[PDB]
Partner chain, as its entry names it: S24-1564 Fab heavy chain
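Consider the single chain below, provided in structure tokens and representing the form solved without its partner chain.
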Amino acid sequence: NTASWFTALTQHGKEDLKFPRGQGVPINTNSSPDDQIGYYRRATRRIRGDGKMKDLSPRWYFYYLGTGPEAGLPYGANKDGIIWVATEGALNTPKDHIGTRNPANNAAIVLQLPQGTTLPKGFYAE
């Protein structure tokens, strides 16, 4: 059971996540400028109040390029629930030296975005 190294971004709007070119990568003090590349993956949740199945807000999780449930996807690949972000100067290489997070060892880092980053409408962390 792997997980993301960060906490999710919650979606209240009706449009998918979409960062502008150059921003969207979570801050990580252990990574290098070469690693600032990856993708957000949407995860939907449904529960049972008495109207059978209820649809909750989807949450988006970030995974470094070459890691996570779509580790084999190349940067830019079009897939529902996947959006791509990168910081200029990042290498288009897989980041298998970072990998994914094991919850039984490390806890999720609080996702923080760089100064000046713009989140789309209806997107908030925690």
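Positions refer to the first chain, counted from 1. So that the term is clear: the rigid core is the largest set of C-alpha atoms that superpose within 1.5 Å between two forms.
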Core-fitted comparison in 6 other deposited structures of this protein, 17-25 vs 112-120, farther C-alphas: 112-120
Deposited residues omitted from coordinates between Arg48 and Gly49, as a class: 1 to 3
Higher-B stretch (mean Cα B-factor, as the entry records it), 51-59 or 80-88: 51-59
Higher-scoring stretch by recorded Cα B factor average, 98-106 or 11-19: 11-19
Cα B factor band for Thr2 (lowest, middle or highest third within the chain): middle
Among modelled residues of the same chain, the CA temperature factor third for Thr67: lowest
Lowest, middle or highest third - CA B-factor, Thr44: highest
Modelled-residue ranking by C-alpha temperature factor, third containing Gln36: lowest
Chain-relative CA temperature factor third for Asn30: highest
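What follows is about the form deposited with its partner chain bound, which we do not show.
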Heavy atom within 4.5 Å of its partner chain in the bound PDB entry - qualifying residues of 98-120: none
